[PDB]
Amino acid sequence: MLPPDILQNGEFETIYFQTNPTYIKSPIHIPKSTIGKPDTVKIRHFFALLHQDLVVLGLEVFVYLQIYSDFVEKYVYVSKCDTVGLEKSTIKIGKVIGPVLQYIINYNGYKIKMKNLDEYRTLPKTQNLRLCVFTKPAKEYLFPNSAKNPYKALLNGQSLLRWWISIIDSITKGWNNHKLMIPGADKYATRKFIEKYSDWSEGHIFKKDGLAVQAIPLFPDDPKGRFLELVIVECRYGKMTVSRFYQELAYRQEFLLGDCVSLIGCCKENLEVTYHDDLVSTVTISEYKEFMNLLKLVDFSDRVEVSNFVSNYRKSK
């Protein structure tokens, strides 16, 4: 998952676990009319890098498997990425985040139970990959109270976007498309971010026509998803088209008052995958939520609190 130059013989340690794969309702609304409906399986991934007894950084990624008869629509959604900054950086963050995210994208060792027909399922070998990332500069995505730490780098929106583009480009070499949208920015403004990236273009990866709710996935804690929720609760889901959704997304407070809030999607079509067991720690969703709730109670400006959080986790293993 990580190269030896980084871990350095136990100088650095990793936390990494997945939830047990869990059937959910599709994040993209499928009409009951639509027959051939996929089963949806979600897996949460949490990764953190440790330096000695302190947390360095963390990454949360959700994977959604739209399982059809002969293929899988696989969506990889970056939920949160954050740093602590209690100690001087000795590693370029991207050179951890990149490889971890690539590992998660390519992971295909899920132990998926059979769907209750009203001992593990075998997935189709054909997979179409979708990578979905939003960029929004927020001081503390994962590590409360860390924005005050001496060595925490706080990128503005434009810098954060450039950073994400460079990471994503490096782990999506050869993919079918790489799309960037900056809602409310004009075509020339968006295109300077990708002028040096020959494989990138303006727009989004989802179905272009029809109702937005039948095209755009609703991901948790996603600025895009927050507007999709409003369209659904206000029962405008029947009328709102994809194009009108993205037009109106530009005027939401989160975008129009935000700092270069951006939406990235990349696709790779018709990939032949071989399912390979890769033994990693798996947890129930309650265990996962328990860990995340402990995390949001830690003062990450306090080495004492961070070090106990880590030792307590080392005890849990």
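We number the residues from 1 along the sequence you see.
- Higher mean CA temperature factor, per the PDB entry, when comparing 207-215 with 128-136: 207-215.
- Look at the C-alpha B-factors of 8-16 and of 293-301. On average they run higher in 8-16.
- Note on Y120, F143, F227, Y103: the highest value goes to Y120, judged by CA B factor as recorded.
- Per the PDB record, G238 has a higher Cα B-factor than any other of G157, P220, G238, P183.
- Split the chain's modelled residues into thirds by C-alpha temperature factor. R252 is in the middle one.
- Among the modelled residues of its chain, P31 has a C-alpha B-factor that falls in the highest third according to the deposited record.
- The entry lists a Cα temperature factor for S89 that places it in the highest third of the chain's modelled residues.
- Ranked within its chain, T172 lands in the lowest third, by CA B factor from the PDB record.
- Among all modelled residues in its chain, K192 ranks in the middle third by Cα B-factor.
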